[PDB]
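Please read the structure below before turning to the comments.
Residue numbers (the authors' numbering), protein chains in the order written: chain A, 1 to 21; chain B, 1 to 30.
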């Protein structure tokens with residue numbers, strides 16, 4: 001989930017937008 | 001501000017700024 005993609009590894013805009021409604 | 005390690009409040013602030021009026025969901029435990 002978001003922690004693994006953006007906190008433990010380097011985040012990206014692509015990944016962040018996966019969590020927008 | 002996106003292309004780094006973002007944790008905790010820093011991650012939810014990035015979501016807030018990126019997602020804007022769409023809003024977002026923050027689910028740290030999956």
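We put the beta carbon where it would ideally sit given N, CA and C, even for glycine.
Going along the chain, which residues of its own chain have a beta-carbon closer than 7 Å to the beta-carbon of residue i, five neighbours each way excluded?
{"i": "residue 19 of chain A", "result": "2"}
{"i": "residue 12 of chain B", "result": "26"}
What does DSSP give as the partner residues of residue i in its beta bridges?
{"i": "residue 19 of chain B", "result": "BP columns for residue 19 of chain B are empty, so no partner."}
{"i": "residue 24 of chain B", "result": "A/20"}
Measure the alpha-carbon distance for residue i versus residue j and round it to whole angstroms.
{"i": "residue 5 of chain B", "j": "residue 21 of chain B", "result": "24 Å"}
{"i": "residue 3 of chain B", "j": "residue 7 of chain A", "result": "11 Å"}
{"i": "residue 8 of chain B", "j": "residue 11 of chain A", "result": "13 Å"}
From which residue to which residue does the alpha helix (DSSP H) around residue i run?
{"i": "residue 15 of chain A", "result": "13-17"}
What does a CB cutoff of less than 8 Å around residue i pick up in its chain, not counting 5 residues either side in sequence?
{"i": "residue 1 of chain B", "result": "14, 17"}
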